[PDB]
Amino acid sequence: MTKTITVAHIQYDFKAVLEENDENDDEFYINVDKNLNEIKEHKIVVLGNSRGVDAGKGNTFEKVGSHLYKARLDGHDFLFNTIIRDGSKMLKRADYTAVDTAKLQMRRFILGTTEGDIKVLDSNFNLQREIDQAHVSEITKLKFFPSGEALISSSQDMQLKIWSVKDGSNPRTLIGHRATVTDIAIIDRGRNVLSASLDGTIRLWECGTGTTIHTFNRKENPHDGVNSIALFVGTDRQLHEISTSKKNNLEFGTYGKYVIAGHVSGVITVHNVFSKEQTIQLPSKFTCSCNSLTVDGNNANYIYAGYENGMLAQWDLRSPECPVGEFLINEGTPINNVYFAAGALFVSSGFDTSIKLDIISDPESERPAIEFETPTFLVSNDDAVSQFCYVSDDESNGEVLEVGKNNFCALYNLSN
């Protein structure tokens, strides 16, 4: 089954190189990774020597849209998508570890840092509010509530905090985890939220009083840390809409919800948020940590999981025994993040790889399929992506925002 995704890195400033238009044979490189030990360096000569291009025998490089370039090198195809907006341009220096966006009241972005700070930005990426020392320690995750009026943060300080956007106040603090909180999921409008921790647990909170109302874990592996969770509405043979289930105390909209968890063991577990049962376990086929996972936004039978050794797997939850797709991305270096948006999978790998993989499905959404032979690379200056965020647009199919260390905050268009 297993396929390889061939990774390429284009020289960051290739546009400036194209633009110098002088007499002396200038080049830029595209490096294609074979394995942990081999990089194929392609010298693209700007030989059309201002903007014609010598890619060598049987190879091609061409501009195909405003911020989009295409290459064929040694029998493999590559797309390169360039930054449309450097969101970091006027931001004071920080290492970003978390990001989210909201549309509603007004377009905003929130960034969290290694130092426990939260920055609230407007639509121009200008600072509206900085919450200094929101936590004592690194912000691991940030989510806007659907209202856009509040946000929730998680930290290595073992806590989550809810913040008002209006006044930067901190009306709730969720205390109970015994190690780093690594992820957050908001249930419906967010009267309940879920958190995950390296302490091995997922906690279901009620935000009204800030208490934990349930703790989920692996029954035979209670201290198996959780790196990543996703919340989804279950597919089943009954209509949830006409349910006559009673409400659980202090639970709001849990009926029909499942939380899927990626563990340090590499096992992935699914819990029914309403009934509390562990319903599925996906085995640690790749014998290393599942660092990140995400649910297919069009078909919740499918999940995508990234592992510490560079395996990206697609799992069908109805067939927990074996993945339905396996793709190596620089085997031996970790997948840091996987994120589904706009019919595509965004993947952060190793020290500086960021990939958009198109997912194609048939008219029935019958089983999403990863377009592994035609990856698009989100071009950066060897920047590490900590987190992705989808930004909707009324005027296009939207953008993706990447953040990371060394004041990295970069916006990309998802159409040309």
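Residue indices: 1-based, along the sequence shown.
> Which is higher on average in the deposited entry, the C-alpha temperature factors of 331-339 or of 163-171?
Replying inline: Higher mean C-alpha B-factor in the PDB entry: 163-171.
> What stretch has the higher average Cα B-factor here, 105-113 or 201-209?
Replying inline: Per the PDB entry, the higher value belongs to 105-113.
>> Highest Cα temperature factor in the entry, among the options 18, 10, 400, 403: which one is it?
In response: Spelled out: the listed residue with the top C-alpha B-factor is 18.
>> So if I compare the CA B-factors in the entry for 224, 100, 236, 251, which one is the largest?
In response: Among 224, 100, 236, 251, the highest C-alpha B-factor in the entry belongs to 236.
> Compared with the other modelled residues in the chain, in which third is the CA B-factor of residue 298?
Replying inline: Its C-alpha B-factor belongs to the highest third of this chain's values.
> Which third, lowest, middle or highest, does the CA B-factor of residue 40 fall in along this chain?
Replying inline: Its C-alpha B-factor, which the entry lists for residue 40, ranks in the middle third among residues of this chain.
> Once the chain's modelled residues are ordered by C-alpha B factor and cut into thirds, is residue 409 in the lowest, middle or highest one?
Replying inline: Tercile = middle for this residue's CA B-factor.
> Should residue 290 be placed in the lowest, middle or highest third of its chain by the C-alpha B factor in the entry?
Replying inline: Within its chain, residue 290 is a middle-third residue by C-alpha B-factor, going by the deposited values.
>> Lowest, middle or highest third: which one holds residue 78 when the chain's residues are ordered by CA B-factor from the entry?
In response: According to the entry, residue 78 has a C-alpha B-factor in the chain's highest third.
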